[PDB]
Amino acid sequence: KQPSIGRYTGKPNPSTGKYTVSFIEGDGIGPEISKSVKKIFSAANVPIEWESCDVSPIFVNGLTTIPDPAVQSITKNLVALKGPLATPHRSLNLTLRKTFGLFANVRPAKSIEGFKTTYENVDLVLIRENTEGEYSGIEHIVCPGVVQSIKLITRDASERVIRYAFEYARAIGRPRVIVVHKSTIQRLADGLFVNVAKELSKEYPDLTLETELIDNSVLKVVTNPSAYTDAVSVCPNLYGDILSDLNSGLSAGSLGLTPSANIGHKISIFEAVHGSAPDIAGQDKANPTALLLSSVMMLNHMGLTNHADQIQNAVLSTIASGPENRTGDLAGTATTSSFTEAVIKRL
Amino acid sequence: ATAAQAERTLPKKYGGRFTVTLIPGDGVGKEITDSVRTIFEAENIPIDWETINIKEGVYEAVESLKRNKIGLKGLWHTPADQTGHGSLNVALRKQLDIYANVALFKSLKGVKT
């Protein structure tokens, strides 16, 4: 089973056995990291054909818009898998969420086999509100030296993130679900978030709801990452943006291994959260693992369990064991090229 | 908060026009001040006189100067008798803590000294 909230509407393209998925290779190490995924996907016989599209922004009305070619493509196939892209008046990633109704960031950070970092047994899952909160565009100059940034928290927006969290926690068999907040000094704002979880709590009796102040969420996670290996934490935009980049710091010390999923109501985009790495581009040193794992997250979201587990449980996760494999970023000596074939072997 | 709009401490000024306090005072005061008025409007200088006249309304001089911050005055007269009122030239200064007097003694070209 999978989460009711951002449900994929399947339908393989009747003419081919396959499902249609928009790519968005992106720029930089994007292209190489991308076809790396296309090959590994081919080999495992994934019911998927790629409809690559370009999100290079237009500027209808001074406000940055995203091209019709790519809109039609992505709204059609209810799913897309983007790599990293560069930096262009409105955040490219923002107008990407606004035009596709994406509202929830899902960020897992798990230790990698055969890559030693300072923190161990870190297996973390966090859902983040990506609509409102601290990150609504609302700020004012109330007078000369005085500014107001306005944090917006609504029940509607909160409800549907907290739901996906309960339902996602259920879909991956974690008992506990923690609402990170600060009702302490943000009584109304964070209080509403918390209450909305407490009220939803009841229609998900298989899961146990806990509430934690970021105070402790950050304290406890850094002292002992494993205390949340039955986690799924939900939180408003800011706490989420920080905790997730933190969790990654614990798991891998950077975020070249971190996959994200951006869930919308009927659409959903799955991306790697590292940059365009322009200086390593073309030289075949990139590390597909990041995007590759986002592929897995996508597979599961689509329903292709068997393939996802196949490409994750075996392959990559397992081929990242033996330094002859691996990439430069993990001490390894292998190329993007050799990593991909070395991966497909254990497919 | 404060800094720009604040400035309730500079000299009274409204759209380019200062409002200065004028205290003609006793003796040739009244005439000698007038001389300045005339030279001022004849030069169309952007200042408007708030002008006051007065036994203990030395209060009103103070209160005015506290609004406008700046003033132009002659001298008042001071009694030598016992039941006389007391300088009130000094009263003005003490009550505004205008503690420093500067006098400029520079000889002038067309004057036999």
# chains A, B, ... in the order shown; residues from 1 in each chain; ligands from 1
>>> closest_atom_pairs(of="chain B", to="chain A", cutoff="9 Å", atoms="only C-alpha atoms", output="JSON lines")
{"residue": "B:1", "atom": "CA", "partner": "A:145", "partner_atom": "CA", "distance": 6.1}
{"residue": "B:2", "atom": "CA", "partner": "A:145", "partner_atom": "CA", "distance": 7.6}
{"residue": "B:3", "atom": "CA", "partner": "A:144", "partner_atom": "CA", "distance": 8.2}
{"residue": "B:4", "atom": "CA", "partner": "A:144", "partner_atom": "CA", "distance": 7.4}
{"residue": "B:5", "atom": "CA", "partner": "A:144", "partner_atom": "CA", "distance": 8.6}
>>> residues_around(residues="residue 340 in chain A", least_positions_apart="6", cutoff="10 Å", atoms="only C-alpha atoms", output="number ranges by chain")
A: 33, 35-37, 39-40, 287-289, 315-316, 319, 325, 334
>>> write_last_selection(atoms="N, CA, C and O atoms", output="PDB file, in the first residue's frame")
ATOM      1  N   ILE A  33      24.509  12.141 -15.124  1.00  0.00           N
ATOM      2  CA  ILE A  33      23.838  11.508 -13.998  1.00  0.00           C
ATOM      3  C   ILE A  33      22.496  10.958 -14.470  1.00  0.00           C
ATOM      4  O   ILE A  33      21.979   9.998 -13.918  1.00  0.00           O
ATOM      5  N   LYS A  35      21.372   9.869 -17.897  1.00  0.00           N
ATOM      6  CA  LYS A  35      21.349   8.684 -18.736  1.00  0.00           C
ATOM      7  C   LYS A  35      21.894   7.504 -17.949  1.00  0.00           C
ATOM      8  O   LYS A  35      21.618   6.351 -18.258  1.00  0.00           O
ATOM      9  N   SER A  36      22.649   7.804 -16.904  1.00  0.00           N
ATOM     10  CA  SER A  36      23.053   6.778 -15.957  1.00  0.00           C
ATOM     11  C   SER A  36      21.815   6.087 -15.402  1.00  0.00           C
ATOM     12  O   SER A  36      21.800   4.877 -15.237  1.00  0.00           O
ATOM     13  N   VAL A  37      20.773   6.865 -15.125  1.00  0.00           N
ATOM     14  CA  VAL A  37      19.518   6.326 -14.594  1.00  0.00           C
ATOM     15  C   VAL A  37      18.721   5.618 -15.674  1.00  0.00           C
ATOM     16  O   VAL A  37      18.146   4.564 -15.433  1.00  0.00           O
ATOM     17  N   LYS A  39      19.802   4.018 -18.307  1.00  0.00           N
ATOM     18  CA  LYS A  39      20.383   2.697 -18.541  1.00  0.00           C
ATOM     19  C   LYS A  39      20.006   1.684 -17.462  1.00  0.00           C
ATOM     20  O   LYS A  39      19.482   0.621 -17.764  1.00  0.00           O
ATOM     21  N   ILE A  40      20.277   2.015 -16.207  1.00  0.00           N
ATOM     22  CA  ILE A  40      19.929   1.148 -15.089  1.00  0.00           C
ATOM     23  C   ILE A  40      18.445   0.801 -15.077  1.00  0.00           C
ATOM     24  O   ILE A  40      18.060  -0.290 -14.677  1.00  0.00           O
ATOM     25  N   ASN A 287      27.978  11.499  -9.313  1.00  0.00           N
ATOM     26  CA  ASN A 287      27.502  10.334  -8.572  1.00  0.00           C
ATOM     27  C   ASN A 287      25.979  10.168  -8.593  1.00  0.00           C
ATOM     28  O   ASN A 287      25.258  10.760  -7.779  1.00  0.00           O
ATOM     29  N   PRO A 288      25.493   9.342  -9.524  1.00  0.00           N
ATOM     30  CA  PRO A 288      24.077   9.082  -9.774  1.00  0.00           C
ATOM     31  C   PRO A 288      23.305   8.649  -8.539  1.00  0.00           C
ATOM     32  O   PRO A 288      22.092   8.778  -8.516  1.00  0.00           O
ATOM     33  N   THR A 289      23.996   8.145  -7.526  1.00  0.00           N
ATOM     34  CA  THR A 289      23.329   7.602  -6.351  1.00  0.00           C
ATOM     35  C   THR A 289      22.198   8.484  -5.875  1.00  0.00           C
ATOM     36  O   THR A 289      21.109   8.004  -5.581  1.00  0.00           O
ATOM     37  N   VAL A 315      21.671  -3.747  -6.194  1.00  0.00           N
ATOM     38  CA  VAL A 315      22.227  -2.633  -6.950  1.00  0.00           C
ATOM     39  C   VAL A 315      22.657  -1.485  -6.065  1.00  0.00           C
ATOM     40  O   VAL A 315      22.717  -1.624  -4.853  1.00  0.00           O
ATOM     41  N   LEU A 316      22.949  -0.353  -6.694  1.00  0.00           N
ATOM     42  CA  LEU A 316      23.544   0.803  -6.028  1.00  0.00           C
ATOM     43  C   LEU A 316      23.851   0.615  -4.556  1.00  0.00           C
ATOM     44  O   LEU A 316      25.015   0.600  -4.160  1.00  0.00           O
ATOM     45  N   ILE A 319      26.194  -2.128  -4.538  1.00  0.00           N
ATOM     46  CA  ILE A 319      27.372  -1.944  -5.367  1.00  0.00           C
ATOM     47  C   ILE A 319      28.266  -0.853  -4.780  1.00  0.00           C
ATOM     48  O   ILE A 319      29.452  -0.790  -5.085  1.00  0.00           O
ATOM     49  N   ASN A 325      34.435   0.043  -6.998  1.00  0.00           N
ATOM     50  CA  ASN A 325      33.199   0.731  -7.350  1.00  0.00           C
ATOM     51  C   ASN A 325      33.221   2.102  -6.656  1.00  0.00           C
ATOM     52  O   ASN A 325      34.294   2.705  -6.519  1.00  0.00           O
ATOM     53  N   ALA A 334      35.849   4.584  -9.082  1.00  0.00           N
ATOM     54  CA  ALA A 334      35.046   4.324 -10.270  1.00  0.00           C
ATOM     55  C   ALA A 334      34.513   5.596 -10.884  1.00  0.00           C
ATOM     56  O   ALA A 334      34.419   6.624 -10.225  1.00  0.00           O
TER      57      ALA A 334
END
>>> residues_around(residues="range 254-260 of chain A", least_positions_apart="6", cutoff="6 Å", atoms="only C-alpha atoms", output="PyMOL selection string")
chain A and resi 106-107+248+271-272+274+290+293-294
>>> residues_around(residues="residue 74 in chain B", least_positions_apart="6", cutoff="7 Å", atoms="only C-alpha atoms", output="PyMOL selection string")
chain B and resi 23-25+29
>>> residues_around(residues="range 6-21 of chain B", least_positions_apart="6", cutoff="10 Å", atoms="only C-alpha atoms", output="list in words")
residues 45, 46, 47, 48, 49, 50, 51, 52, 61, 62, 64, 65, 66, 67, 68, 69, 70, 71, 72 and 73 of chain B
>>> residues_around(residues="range 156-173 of chain A", least_positions_apart="4", cutoff="8 Å", atoms="only C-alpha atoms", output="ChimeraX atom specification")
/A:1-6,103-104,127-129,131-132,177,193,196-197,200,204,206-207,231-234,236
>>> residues_around(residues="residue 46 in chain A", least_positions_apart="4", cutoff="9 Å", atoms="only C-alpha atoms", output="list in words")
residues 18, 19, 41, 42, 304 and 307 of chain A
>>> write_last_selection(atoms="C-alpha atoms", output="compact mmCIF listing (two decimals), in the first residue's frame")
# COMPACT_ATOMS: atom_id res chain seq x y z
CA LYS A 18 4.97 1.29 -20.47
CA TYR A 19 4.15 4.26 -18.22
CA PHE A 41 16.17 1.51 -15.58
CA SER A 42 16.30 -0.15 -19.00
CA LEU A 304 6.23 -0.48 -8.88
CA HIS A 307 11.34 -2.74 -9.25
>>> select_by_dssp(residues="chain B", states="alpha helix (DSSP H)", output="MDAnalysis selection string")
chainID B and resid 29:41 58:68 90:96
>>> atom_distance(atom1="CA of residue 97 in chain B", atom2="CA of residue 27 in chain B")
25.1 Å
>>> atom_distance(atom1="CA of residue 188 in chain A", atom2="CA of residue 130 in chain A")
19.3 Å
>>> atom_distance(atom1="CA of residue 202 in chain A", atom2="CA of residue 7 in chain A")
21.8 Å
>>> select_by_dssp(residues="chain B", states="strand (DSSP E or B)", output="ChimeraX atom specification")
/B:13-14,17-23,47-51,71-73
>>> decode(residues="range 57-133 of chain A", atoms="C-alpha atoms", output="PDB file, in the first residue's frame")
ATOM      1  CA  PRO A  57      11.801  29.597 -17.654  1.00  0.00           C
ATOM      2  CA  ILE A  58       9.726  32.000 -19.741  1.00  0.00           C
ATOM      3  CA  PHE A  59       8.744  35.376 -18.314  1.00  0.00           C
ATOM      4  CA  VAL A  60       5.029  35.905 -18.983  1.00  0.00           C
ATOM      5  CA  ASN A  61       4.186  39.181 -17.172  1.00  0.00           C
ATOM      6  CA  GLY A  62       7.600  39.758 -15.571  1.00  0.00           C
ATOM      7  CA  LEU A  63       6.704  36.836 -13.283  1.00  0.00           C
ATOM      8  CA  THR A  64       8.731  33.749 -14.250  1.00  0.00           C
ATOM      9  CA  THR A  65       6.581  31.027 -15.789  1.00  0.00           C
ATOM     10  CA  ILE A  66       7.446  27.499 -16.924  1.00  0.00           C
ATOM     11  CA  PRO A  67       7.183  26.543 -20.686  1.00  0.00           C
ATOM     12  CA  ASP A  68       4.017  24.975 -22.105  1.00  0.00           C
ATOM     13  CA  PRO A  69       5.939  22.019 -23.604  1.00  0.00           C
ATOM     14  CA  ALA A  70       7.053  21.018 -20.100  1.00  0.00           C
ATOM     15  CA  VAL A  71       3.746  21.900 -18.407  1.00  0.00           C
ATOM     16  CA  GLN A  72       1.598  19.770 -20.724  1.00  0.00           C
ATOM     17  CA  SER A  73       4.107  16.926 -20.445  1.00  0.00           C
ATOM     18  CA  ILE A  74       4.222  16.910 -16.669  1.00  0.00           C
ATOM     19  CA  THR A  75       0.517  17.479 -16.063  1.00  0.00           C
ATOM     20  CA  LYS A  76      -0.175  14.595 -18.460  1.00  0.00           C
ATOM     21  CA  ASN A  77       2.168  11.949 -17.051  1.00  0.00           C
ATOM     22  CA  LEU A  78       1.375  12.564 -13.410  1.00  0.00           C
ATOM     23  CA  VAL A  79       5.072  12.286 -12.443  1.00  0.00           C
ATOM     24  CA  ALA A  80       8.538  13.658 -13.254  1.00  0.00           C
ATOM     25  CA  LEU A  81      12.145  13.015 -12.251  1.00  0.00           C
ATOM     26  CA  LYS A  82      14.377  16.097 -12.359  1.00  0.00           C
ATOM     27  CA  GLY A  83      18.127  16.369 -11.833  1.00  0.00           C
ATOM     28  CA  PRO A  84      19.952  19.528 -10.725  1.00  0.00           C
ATOM     29  CA  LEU A  85      19.573  22.852 -12.535  1.00  0.00           C
ATOM     30  CA  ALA A  86      21.380  26.201 -12.402  1.00  0.00           C
ATOM     31  CA  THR A  87      20.299  29.636 -11.141  1.00  0.00           C
ATOM     32  CA  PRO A  88      18.372  32.186 -13.192  1.00  0.00           C
ATOM     33  CA  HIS A  89      13.019  37.044 -10.765  1.00  0.00           C
ATOM     34  CA  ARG A  90      11.057  34.263  -9.071  1.00  0.00           C
ATOM     35  CA  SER A  91      12.846  31.191  -7.734  1.00  0.00           C
ATOM     36  CA  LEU A  92      12.844  28.517 -10.444  1.00  0.00           C
ATOM     37  CA  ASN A  93      12.097  25.816  -7.878  1.00  0.00           C
ATOM     38  CA  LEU A  94       9.350  27.955  -6.377  1.00  0.00           C
ATOM     39  CA  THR A  95       7.441  28.579  -9.584  1.00  0.00           C
ATOM     40  CA  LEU A  96       7.920  24.869 -10.131  1.00  0.00           C
ATOM     41  CA  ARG A  97       5.938  24.012  -7.002  1.00  0.00           C
ATOM     42  CA  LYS A  98       3.357  26.705  -7.564  1.00  0.00           C
ATOM     43  CA  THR A  99       2.543  25.593 -11.113  1.00  0.00           C
ATOM     44  CA  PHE A 100       2.280  21.892 -10.163  1.00  0.00           C
ATOM     45  CA  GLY A 101       0.668  22.172  -6.747  1.00  0.00           C
ATOM     46  CA  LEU A 102       3.510  20.466  -4.921  1.00  0.00           C
ATOM     47  CA  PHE A 103       3.108  20.911  -1.174  1.00  0.00           C
ATOM     48  CA  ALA A 104       5.181  18.314   0.695  1.00  0.00           C
ATOM     49  CA  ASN A 105       8.924  17.678   0.766  1.00  0.00           C
ATOM     50  CA  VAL A 106       9.861  14.121   1.740  1.00  0.00           C
ATOM     51  CA  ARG A 107      13.451  13.842   2.897  1.00  0.00           C
ATOM     52  CA  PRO A 108      15.082  10.602   4.072  1.00  0.00           C
ATOM     53  CA  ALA A 109      18.642  10.425   5.314  1.00  0.00           C
ATOM     54  CA  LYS A 110      20.072   6.976   5.816  1.00  0.00           C
ATOM     55  CA  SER A 111      23.606   5.842   6.410  1.00  0.00           C
ATOM     56  CA  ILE A 112      25.271   4.318   3.387  1.00  0.00           C
ATOM     57  CA  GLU A 113      26.898   0.884   3.489  1.00  0.00           C
ATOM     58  CA  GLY A 114      30.622   1.137   2.928  1.00  0.00           C
ATOM     59  CA  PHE A 115      30.933   4.879   3.392  1.00  0.00           C
ATOM     60  CA  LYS A 116      32.087   5.800   6.868  1.00  0.00           C
ATOM     61  CA  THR A 117      30.934   9.066   8.390  1.00  0.00           C
ATOM     62  CA  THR A 118      31.041  10.281  11.977  1.00  0.00           C
ATOM     63  CA  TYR A 119      27.437   9.391  12.756  1.00  0.00           C
ATOM     64  CA  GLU A 120      26.192   5.813  12.621  1.00  0.00           C
ATOM     65  CA  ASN A 121      22.917   3.920  12.242  1.00  0.00           C
ATOM     66  CA  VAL A 122      21.241   7.087  11.062  1.00  0.00           C
ATOM     67  CA  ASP A 123      17.976   6.243   9.326  1.00  0.00           C
ATOM     68  CA  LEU A 124      15.763   9.288   9.267  1.00  0.00           C
ATOM     69  CA  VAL A 125      12.529  10.342   7.561  1.00  0.00           C
ATOM     70  CA  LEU A 126      11.067  13.846   7.571  1.00  0.00           C
ATOM     71  CA  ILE A 127       8.089  15.401   5.865  1.00  0.00           C
ATOM     72  CA  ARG A 128       8.173  19.172   5.389  1.00  0.00           C
ATOM     73  CA  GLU A 129       5.414  21.680   4.585  1.00  0.00           C
ATOM     74  CA  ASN A 130       6.560  23.458   1.391  1.00  0.00           C
ATOM     75  CA  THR A 131       3.701  25.879   0.797  1.00  0.00           C
ATOM     76  CA  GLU A 132       3.442  28.404   3.575  1.00  0.00           C
ATOM     77  CA  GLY A 133       4.901  29.064   6.995  1.00  0.00           C
TER      78      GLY A 133
END
